[PDB]
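So here's one chain in two forms, each on its own in structure tokens, numbered structure 1 and structure 2.
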Structure 1
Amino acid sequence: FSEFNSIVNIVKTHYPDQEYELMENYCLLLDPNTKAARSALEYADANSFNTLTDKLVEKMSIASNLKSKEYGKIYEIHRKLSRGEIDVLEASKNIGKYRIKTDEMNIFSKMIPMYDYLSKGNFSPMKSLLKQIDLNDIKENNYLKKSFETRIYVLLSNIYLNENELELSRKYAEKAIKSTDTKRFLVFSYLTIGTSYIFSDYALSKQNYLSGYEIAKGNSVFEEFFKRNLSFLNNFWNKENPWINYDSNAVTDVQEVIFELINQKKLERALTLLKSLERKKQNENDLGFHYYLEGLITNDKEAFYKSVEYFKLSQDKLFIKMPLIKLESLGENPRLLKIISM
């Protein structure tokens, strides 16, 4: 029996719209040396309540309870990495320096790099590690155990999507959904299921995005994810597109504007706007989409070759299909393009 888990369930079932405002207050009244305070740390981080997580870290880092101290220090490293105040190599260095006694943090330790490595495309080795983790080793905090189960299902889901293993990606996203009531995990699961259907099934892609958008309502960052993806979906399938953010200066938003312009056959303006994105505010995966859009306008195979290269560098075996399809249309060897997509 966990009193924390009992409170969360009461707040989720009876006051869902006030969840953050009730739980924030309650989490910050817990003594930092207690089991409940520890669970609160995972509850805060699993929900991406950043300011709460950081307030809990500040208290628990300097607590006298050894377990609390340990959770504090390891979540501290996680948070530093997630905010980008440090890089993964230093994160690992710091983990090494700390003597980890709990099964929970030993396992968490391993997951911390994975959030960074996943963000920038390294998949195969960490997959093996995730399947190796046995959460039955966590004997002393079933709330962490259940939360970590979800964390694993979501990571696996995301890995399998990027490997273009869409049956497996769905399997793990659905298992994540069944496993949790944490909004953030439901959001990412529905994003993943939605993205899995981008090429194969418009309606099912849309319907998984709308389910996720419903769950995301209230958090504007989570809302933005579905609107960006719904905007891509409609642009890709050449449908009327209500989801675009014309105001945003962010690269992924401006790309959706461009794609719409291409569909509207305003190719001159699409190019000038694409040409202004040439300032280096873009990761490899963003350059995939960039050179694909340029290709759609200019019909230059070079643009599509570059698009393939950037998708290959970022290890996106899903979106690499787009320029490959276009190169097939321009009469390039279908067998070689199939081999590039494996």
Structure 2
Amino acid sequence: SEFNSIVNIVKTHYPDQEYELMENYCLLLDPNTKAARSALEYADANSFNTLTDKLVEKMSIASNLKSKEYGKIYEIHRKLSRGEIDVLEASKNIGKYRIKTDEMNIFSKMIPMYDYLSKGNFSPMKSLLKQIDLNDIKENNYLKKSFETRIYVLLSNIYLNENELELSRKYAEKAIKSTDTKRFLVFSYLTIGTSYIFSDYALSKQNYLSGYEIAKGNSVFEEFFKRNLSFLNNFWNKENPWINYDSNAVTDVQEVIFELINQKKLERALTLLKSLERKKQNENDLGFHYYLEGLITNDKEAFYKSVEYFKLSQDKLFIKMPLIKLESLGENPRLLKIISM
């Protein structure tokens, strides 16, 4: 099709000027056209926000009915991603709108799962995913492919959080085969590394470094690796050149703390941890916060709170961390396994 052909040539013959050429081309397409519809998903799937936003504004005041719906549904997704709205506000706007497109009906169920994943709320994510059939789509084949990759990466993160890690890798490797879009490969590799964080140190670093190379240049994608490598190395007590000492973000400060413990500077770690407790953070965050306090004080109550927050978050992978500490402090292994399952 026009868009697919355009993109495939830009990629194969001008790979290094893809954004510059596609940005210009996509912004000169007529809002009402099938190509302008394919263009909006390209911009959002590649996380080209400034472009996606210009495309949404132009296609929201459009005459084609499919082009106007796309802009309206994505407008909510862009507001949820930018942090202007709540997952429930978004869920309300989706029920209010009457979606006539089978395509903007599958995207509607995915729009919330992205906020759910970002804020440690994994509980509501798996059910929505089962309301999606990509055979209900037949007019755009560019989207069905992009939505197909989008679902595999979401399904990998869902299986990762359920401790079904063989299924997580299978769905991330499927996505890596299904696409050439950078964000999907970057998030596929990141999910594979997090799936090996306890199983195999080497394979976690190999898949995290494979993603870091693809992300290189996108500072926002790079940061996901610098954070996870930083974590991987602090858990296996290894040299960690991936720590950001300049960031105030909770998840970053948590990595500075995990290093001070590995270096046995507990007084500075507990001071920095205590200042974090007052700060706004999700339930998943607090599972890690109390795991760190337990490593400094060896208080079983801290490991218990870690277990509690991981339980709320519904994180069946990272709950293993406090569970293992409790095993080594001679807590009953059978009870620890029931809390894991």
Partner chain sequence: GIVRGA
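Here, rigid core means the biggest group of C-alpha atoms that superpose within 1.5 Å across both forms. Residue 1 is the first residue of structure 1, and the numbers go on in sequence order from there.
- Pair member which, unlike the other, is the form solved in complex with the partner chain: The form solved in complex with the partner chain is shown as structure 2.
- Task: Fix the rigid core, compare C-alpha positions between structure 1 and structure 2, and report which of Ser119, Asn219, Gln264, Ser211 shifts by 2 Å or more.
- Result: Between the two forms, the residue that moves is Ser119.
- Message: So that I can tell if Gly331 moves, could you say whether its C-alpha shifts by at least 2 Å between structure 1 and structure 2 after the core superposition?
- Response: Result for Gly331: no, shift under 2 Å.
- Message: Once you overlay the rigid core, does the Cα of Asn249 travel 2 Å or further between structure 1 and structure 2?
- Response: The answer is no, as the C-alpha of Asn249 shifts between structure 1 and structure 2 by less than 2 Å after core alignment.
- Core-aligned, is the CA shift for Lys97 between structure 1 and structure 2 2 angstroms or more? Yes, the C-alpha position differs by at least 2 Å between structure 1 and structure 2.
- Message: After superposing on the rigid core, what is the C-alpha displacement of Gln18 between structure 1 and structure 2, in Å?
- Response: Core-aligned C-alpha shift comes out at 2.4 Å.
- Angstrom shift of the Cα atom of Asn106 between structure 1 and structure 2 (superposition on rigid core): That residue's C-alpha sits 1.9 Å away in the other form.
- Query: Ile198: how big is its Cα shift between structure 1 and structure 2, in Å, with the core superposed?
  - Reply: Its C-alpha shift, to one decimal, is 0.2 Å.
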